[PDB]
């Protein structure tokens, strides 16, 4: 069901981006065979802005090099590329979210209180009323303590996963 994975890897990407990826890829494919040595996988990934740990690179080669060819074809390469891209993106957002919280928690007590919540909303310039701010608090405040912890904040920001 790799061919399934392969088809889903291509659908995630736009054709121009896929061709750009190939253009980089083809730089390490001499014989014009459509595959590179798994030795160059990390390199190509990195030039195209992915940052796989050595351990994840080792897992991938392991997955693709089941026959001992010592090579990975462009299709299994887009598959690995999308896995990496998703793994990386998610990661970025976790971090920005963390930053966000630290910024919103103006007294750094570990919670966003109704006063802090109001000030940040009101600063958007949006025409939100008190009733509106207190509605978002109740809805997000899961243990009914009147404040939002990091835990409720993630739930708040990311909705229903």
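Numbering follows the first chain given and starts at 1.
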Do the C-alpha atoms of 134-142 or of 6-14 have the higher average B factor in the entry?
6-14
Decide which of the stretches 120-128 and 63-71 has the higher mean C-alpha B-factor, going by the entry.
63-71
Tell me, please, which of 115, 98, 31, 105 has the highest C-alpha B factor according to the deposited entry?
31
Split into thirds by Cα B-factor across the chain's modelled residues, where does residue 54 land: lowest, middle or highest?
middle
Assigned third (lowest, middle, highest) for the C-alpha B factor of residue 85
middle
